[PDB]
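A.B. asks: Handing you this structure, nothing more for now.
In this note's numbering, the protein residues as written are 79 to 199.
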């Protein structure tokens, strides 16, 4: 149907905007701490601690399959990256501190993304 095509074009355009958002958030992680999944070879107990692991590579795979239907779903995955780290790692660690800085700097990006998503529809 033509309606299904129009919905699909909306999803494609959201995916474009989320790809630019993802790039901007990932630039706030210049150490690449959140780039990849925590390795279960290297951290074998991880899934005992963290029930829903997340990382920027995993988000990018979902994004490119157009698997984010709305900005809320995307933000949920970004908050998992941060929140998982802040639980597993102690406050005095470079990992925790990187997550705080990513959260703080990412907030600015996400505030305007929400306005653009609402604005363009």
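For each residue, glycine too, the CB sits at the ideal point set by N, CA and C.
From residue 191 to residue 115, what does the alpha carbon distance come to, in whole angstroms?
C.D. replies: Position 113 of the chain shown, counting from 1, holds the residue named residue 191. Position 37 of the chain shown, counting from 1, holds the residue named residue 115. About 25 Å.
A.B. asks: Under the three-state reduction of DSSP, which class applies to residue 90: helix, strand or coil?
C.D. replies: Looking up residue 90 in the chain shown gives position 12. Helix at residue 90.
A.B. asks: From this set, 170, 130 and 141, which residue's C-alpha is nearest residue 99's C-alpha?
C.D. replies: Numbered from its first residue, the chain shown carries residue 99 at position 21. It is 141 whose Cα lies nearest to the Cα of residue 99.
A.B. asks: Which residue's Cα is closest to the Cα of residue 195: 152, 159, 174 and 178?
C.D. replies: In the chain shown, counting from the first residue as 1, residue 195 sits at position 117. That would be 152, whose Cα lies nearest to the Cα of residue 195.
A.B. asks: Are there three or more Cβ pairs, one per stretch, closer than 8 Å when the region 168-177 is compared with the region 132-140?
C.D. replies: no
A.B. asks: Return the CA-CA distance between residue 182 and residue 107, expressed in angstroms with no decimal places.
C.D. replies: For the purposes of this step, residue 182 is taken as residue 104 along the chain shown, with counting starting at 1. For the purposes of this step, residue 107 is taken as residue 29 along the chain shown, with counting starting at 1. Each residue's Cα considered, the two are about 11 Å apart.
A.B. asks: List the endpoints of the continuous alpha helix (DSSP H) containing residue 166.
C.D. replies: As a position in the chain shown, residue 166 is number 88, starting the count at 1. 149-166 is the extent of the alpha helix (DSSP H) around residue 166.
A.B. asks: Report the rounded CA-to-CA distance for residue 90 versus residue 162, giving the unit in angstroms.
C.D. replies: Position 12 of the chain shown, counted from the first residue, corresponds to residue 90. Position 84 of the chain shown, counted from the first residue, corresponds to residue 162. A straight line joining the alpha-carbon of residue 90 with that of residue 162 spans about 29 Å.
A.B. asks: Where does residue 197 fall in DSSP's three states?
C.D. replies: By one-based count along the chain shown, residue 197 stands at place 119. Correct three-state label for residue 197: helix.
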